[PDB]
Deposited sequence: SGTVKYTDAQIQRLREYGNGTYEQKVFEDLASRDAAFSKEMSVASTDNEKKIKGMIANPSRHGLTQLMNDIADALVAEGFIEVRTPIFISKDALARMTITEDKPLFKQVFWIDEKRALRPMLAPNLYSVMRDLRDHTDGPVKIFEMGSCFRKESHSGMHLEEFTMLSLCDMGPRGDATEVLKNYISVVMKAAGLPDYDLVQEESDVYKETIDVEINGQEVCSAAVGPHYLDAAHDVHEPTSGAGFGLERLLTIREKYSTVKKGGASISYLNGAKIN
């Protein structure tokens, strides 16, 4: 006997335990355990919010962004910031056309512009222009909000490099290692390449997608990383919200 779907939802509202795994042998014992775990979840949540107010910290998502960013700069990556608005033409050069399914997920701002659903269009542009100014490899990254109709707003970390690279795949796997280790998630699986933790995809990366330079890139979902690391019971608690703050429900 397990918690009902409704009970799971109620437990996850204020609690960050792993309630789906629990089994009982009696509706009566399920119900008694549920009552106790709901009370513990709620009191634990209240104590946690009372603690943040009393000892404020950098936001958990901001802290994670800083930890990863300082690691990438030490690896030689330039941090860039690009606009949230992108053009329809930019999406089309990404092959996101009325045909592709991602297109139907795009938030349009007007007839010619959209909220970016990924960071790559802008980063490709910046990377290519930076290469106009140097003979060497160019390595950049951005962290920022992306938007898709479904989290509808999520924070992507995208890194990319252009230029000569001995063993592109090995180099890309090392970039992934730098990020994951800096994020506090050193244990993960690789599946052009996907990063999974217990089957949950947290990164998609690839080597080398009219003359072009060698290029590779990796995109991480930072709320997903934070959720896994802090063992929050939903992906809606660690990022931007007016209901949650650093894992705790404020209302």
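- Gaps without C-alpha coordinates occur at 1-3, 154-159, 201-209, 228-234, with positions taken along the deposited sequence from 1.
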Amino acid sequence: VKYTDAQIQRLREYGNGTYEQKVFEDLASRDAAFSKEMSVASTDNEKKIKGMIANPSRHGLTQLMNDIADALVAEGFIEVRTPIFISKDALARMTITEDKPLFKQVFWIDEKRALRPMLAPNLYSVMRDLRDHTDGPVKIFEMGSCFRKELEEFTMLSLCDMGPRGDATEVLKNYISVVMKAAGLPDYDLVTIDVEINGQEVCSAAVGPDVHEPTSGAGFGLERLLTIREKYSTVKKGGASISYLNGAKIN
From here on, numbers count along this sequence of modelled residues.
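- The mean C-alpha temperature factor is higher for 25-33 when 25-33 and 63-71 are set side by side.
- Stretch comparison (34-42 versus 180-188) by mean CA B-factor in the PDB entry places 180-188 on top.
- Per the deposited coordinates, the residue with the largest Cα temperature factor out of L91, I78, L119, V126 is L91.
- Of the candidates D132, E142, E152, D110, the deposited coordinates give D110 the top C-alpha B factor.
- Ranked by C-alpha B-factor against the other modelled residues of its chain, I96 falls in the highest third.
- The entry lists a Cα temperature factor for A168 that places it in the highest third of the chain's modelled residues.
- In the deposited entry, the Cα temperature factor of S243 places it in the lowest third of its chain's modelled residues.
- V1: CA B factor lies in the highest third for its chain, per the PDB record.
- Looking at the C-alpha B-factors along this chain, the one for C146 belongs to the lowest third.
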